[PDB]
Amino acid sequence: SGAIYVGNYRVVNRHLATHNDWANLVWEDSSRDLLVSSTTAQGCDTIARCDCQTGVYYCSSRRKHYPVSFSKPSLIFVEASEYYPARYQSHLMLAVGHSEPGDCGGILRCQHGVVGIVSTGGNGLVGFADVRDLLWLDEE
Ligand SMILES: N#CCc1cccc(NC(=O)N2CCC[C@H](C(N)=O)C2)c1
Ligand SMILES: [Zn+2]
């Protein structure tokens, strides 16, 4: 589990969105595994606006933050799970690192701010849903 809290937005994995998220919906995209809902309180996270390929992510199944090198956001085939059939996920970045299903939502960050959240995993790989292109998270 986990979310990004930027401005009056809450960014979560679409597959982990709650009823309150769907009832306060701003934007959702199943191909990216992302959903954004509105919040009453202002958050403290800031979004990175860069092309870094190195950063640090939080792994809840280890209670640890790990430094990683990650690929650029791309269209990647992801195996079937309880939440989606086997399909292509867009804006996904891969790295070598530990991930279990419940690690989804952990933040990946670079020197500029939050880069994305854990969205995929298995066999020593971890995948992150990028948010750096969502410029509207910084306003309104
Ligand atoms: N190998 C292995 C098992 C394993 C370990 C660790 C994680 C996973 N699960 C996943 O990657 N996802 C399940 C939630 C939905 C995700 C999505 N964005 O489509 C895909 C699977
Ligand atoms: Zn950066």
Side-chain angles (χ1 to χ4, degrees):
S1 65
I4 306 168
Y5 292 96
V6 54
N8 287 270
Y9 298 120
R10 165 173 142 98
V11 187
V12 286
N13 294 93
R14 186 186 188 273
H15 75 272
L16 300 180
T18 67
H19 168 76
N20 187 70
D21 289 322
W22 280 108
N24 290 282
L25 184 66
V26 172
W27 171 81
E28 54 84 26
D29 184 324
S30 173
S31 74
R32 293 178 69 150
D33 186 40
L34 286 181
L35 181 146
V36 178
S37 59
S38 61
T39 64
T40 62
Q42 290 186 282
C44 297
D45 296 319
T46 63
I47 309 300
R49 302 298 180 197
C50 68
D51 63 350
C52 287
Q53 285 184 251
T54 66
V56 172
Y57 81 104
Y58 184 62
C59 177
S60 71
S61 67
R62 297 282 182 269
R63 280 194 195 103
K64 278 200 187 38
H65 293 260
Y66 292 106
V68 286
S69 295
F70 54 94
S71 63
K72 294 187 176 195
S74 340
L75 190 64
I76 301 277
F77 194 70
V78 180
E79 291 307 312
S81 70
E82 301 149 31
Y83 301 98
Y84 296 108
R87 72 195 209 294
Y88 282 96
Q89 181 161 321
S90 63
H91 298 264
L92 184 66
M93 299 173 296
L94 296 187
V96 174
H98 185 73
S99 179
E100 296 179 29
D103 286 322
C104 283
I107 281 170
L108 171 69
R109 66 181 75 230
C110 70
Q111 69 182 102
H112 304 110
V114 175
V115 171
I117 53 172
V118 175
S119 175
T120 73
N123 295 299
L125 296 161
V126 53
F128 308 98
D130 183 51
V131 299
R132 295 177 289 189
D133 65 311
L134 303 177
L135 312 186
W136 54 262
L137 288 171
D138 297 346
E139 64 202 6
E140 146 80 337

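FYI, side chains are in, hydrogens and waters are out, and symmetry mates aren't considered; it's all heavy atoms of this structure. Numbers here are sequence positions counted from 1.
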[X] side chain to [Y] backbone, donor-acceptor under 3.5 Å:
{"X": "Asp45", "Y": "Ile4", "result": "no"}
{"X": "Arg109", "Y": "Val115", "result": "no"}
{"X": "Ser37", "Y": "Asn24", "result": "no"}
{"X": "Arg87", "Y": "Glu79", "result": "no"}
{"X": "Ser74", "Y": "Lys72", "result": "yes"}
{"X": "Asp29", "Y": "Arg32", "result": "yes"}
{"X": "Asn13", "Y": "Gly105", "result": "yes"}

Hydrophobic clustering (ILVMFWY, side-chain heavy atoms < 4.5 Å, transitive) - are [Y] and [X] grouped together?
{"X": "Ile107", "Y": "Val118", "result": "no"}
{"X": "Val114", "Y": "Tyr57", "result": "no"}
{"X": "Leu16", "Y": "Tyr5", "result": "no"}
{"X": "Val6", "Y": "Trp27", "result": "yes"}
{"X": "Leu25", "Y": "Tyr83", "result": "no"}

Can a side-chain donor-acceptor contact be found between [Y] and [X] if the only test is distance below 3.5 angstrom?
{"X": "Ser31", "Y": "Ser90", "result": "yes"}
{"X": "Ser60", "Y": "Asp103", "result": "yes"}
{"X": "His98", "Y": "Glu100", "result": "yes"}
{"X": "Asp33", "Y": "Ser119", "result": "yes"}

Are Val56 and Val68 close enough, and set up right, to give a side chain to side chain contact (heavy atoms under 4.5 Å, CB included), and what steps lead you there?
-> CA-CA 6 Å; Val56 172; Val68 286; over 6 Å; no
Can you tell me how far [atom2] of [Y] sits from [atom1] of [X], rounded to the nearest 0.5 angstrom?
{"X": "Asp130", "Y": "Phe70", "atom1": "CG", "atom2": "CZ", "value": "8.0 Å"}
{"X": "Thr54", "Y": "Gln111", "atom1": "OG1", "atom2": "CD", "value": "7.5 Å"}
{"X": "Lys64", "Y": "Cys59", "atom1": "NZ", "atom2": "SG", "value": "9.0 Å"}
{"X": "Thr120", "Y": "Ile76", "atom1": "OG1", "atom2": "CD1", "value": "8.5 Å"}
{"X": "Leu34", "Y": "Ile117", "atom1": "CG", "atom2": "CD1", "value": "5.5 Å"}
{"X": "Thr39", "Y": "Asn8", "atom1": "OG1", "atom2": "CG", "value": "4.0 Å"}

For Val131 and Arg49 the tightest heavy-atom approach is O-NH1, 3.5 Å
Would you please classify the geometry between the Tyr84 ring and the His15 ring as parallel, tilted or perpendicular, with 30° and 60° separating the classes?
-> perpendicular
Whether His65 and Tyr58 hold their rings parallel, tilted or perpendicular, with breakpoints at 30° and 60° | tilted
With a 4.5 Å heavy-atom cut-off, do [X] and [Y] have their side chains touching?
{"X": "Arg132", "Y": "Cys52", "answer": "yes"}
{"X": "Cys50", "Y": "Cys110", "answer": "yes"}
{"X": "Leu94", "Y": "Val126", "answer": "no"}

In this structure, which one of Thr18, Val36, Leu35 forms a side chain to side chain contact (heavy atoms under 4.5 Å, CB included) with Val12?
-> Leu35
Applying side chain to side chain contact (heavy atoms under 4.5 Å, CB included), run through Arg14 and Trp22 and close with a yes or a no.
-> CA-CA 10 Å; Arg14 186 186 188 273; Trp22 280 108; 3.8 Å; yes
Any chance CD of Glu139 has more than 12 other-residue heavy atoms, nucleotides or ligands included, within less than 6.0 Å?
-> yes
For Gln89 and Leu75, what are the C-alpha separation, side-chain angles and deciding distance, and is it a side chain to side chain contact (heavy atoms under 4.5 Å, CB included)?
-> CA-CA 6 Å; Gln89 181 161 321; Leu75 190 64; over 6 Å; no
Steps toward side chain to side chain contact (heavy atoms under 4.5 Å, CB included) verdict (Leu134, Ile47) = CA-CA 9 Å; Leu134 303 177; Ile47 309 300; over 6 Å; no
